[PDB]
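# Topology and contacts: notes
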Amino acid sequence: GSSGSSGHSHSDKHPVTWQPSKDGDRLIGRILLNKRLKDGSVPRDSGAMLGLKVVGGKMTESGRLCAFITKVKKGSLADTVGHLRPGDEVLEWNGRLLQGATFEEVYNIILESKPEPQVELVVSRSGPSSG
C-alpha cells in the first residue's frame with residue numbers, strides 16, 4: 001500500500017535569546033512566552049501579565065519614553081522562561097515597539113496581546129563600553 005510521515009525541523013528553536021547589537025556595546029535580549037497548554041490550548045488566563053510588571057510612558061533623562069521592568073514575579077513565565085528582571089528595558093512587545101510609547105500604549109499592547117497564545121518581548125541593554 002502506502003506509508004509515510006513527513007517531518008521536517010523548523011528553524012528558530014529558542015524562545016529566549018540574548019545577542020549583541022550590530023555594534024556590540026549593546027545587548028539585544030529576546031524573550032518569548034507561551035500559554036497554549038500542553039495540549040496546545042490557552043487556558044482561561046495563565047497570567048495576563050505573564051508574571052513581570054512593565055511600566056511604560058516612563059520619562060527618561062532624554063525627554064523620551066521607554067518601558068522598563070519594574071518587578072518580576074519569582075516562578076512565573078517572565079522569570080522561569082523569560083528570566084526577565086527589574087531594570088531591563090522592553091524595546092518591543094510581540095512586535096510592538098515600546099520605545100516612545102506612552103504608559104497606556106505599552107499597557108494597551110500587553111492588552112491586545114493578553115489573550116495571545118505567546119508573547120515575544122524584546123529588550124536592549126547597554127553592555128560594557130567606557131572607552
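It should be noted that the structure appears before, not after, this text.
Residues numbered from 1 in each chain as written, not as in the entry; some residues may be left out. Heavy atoms only, no water.

Right, let's talk about the nonpolar core for a bit. One finds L33, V54, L84, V90, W93 and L121 to be the most contacted residues of the largest nonpolar core, which totals 21 residues. Mapped onto this core, the elements with two or more residues apiece are β2 (26–34), β3 (52–59), β4 (65–72), α1 (77–81), β5 (89–93), α2 (103–112) and β7 (118–126). Beyond its immediate chain neighbours, meaning those up to four positions away, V54 contacts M49, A67, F68, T70, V90, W93, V106 and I110. (Core = buried A, V, L, I, M, F, W, Y, C linked by side-chain atoms within 4.5 Å. Buried < 20%, exposed > 50% of the residue type's maximum accessible area, 1.4 Å probe, protein only. Helix = DSSP H or I, 4+ residues; strand = E, 2+ residues; numbered from the N terminus. Contact = heavy atoms within 4.5 Å.)

Another aspect to go through is the packing of aromatic side chains. Tallied over the full model, the rule gives 0 aromatic pairs. When the ring centre of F68 is taken as reference, the NZ or CZ atom of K58 above it lies at 5.2 Å. (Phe/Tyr/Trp six-rings, centres within 6.5 Å; stacked < 30°, edge-to-face > 60°. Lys NZ or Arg CZ within 6 Å of the ring centre and 35° of its normal.)

With that settled, the discussion passes to α2. Those residues of α2 that fall on the buried side of the exposure criterion are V106, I109 and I110. Buried residues of α2, seen end-on, are gathered within an arc of 90° and therefore sit on one face of the element. Residues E104 and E112 are exposed on α2 and point more than 90 degrees away from its buried face. (Arc of directions from axis to C-beta.)

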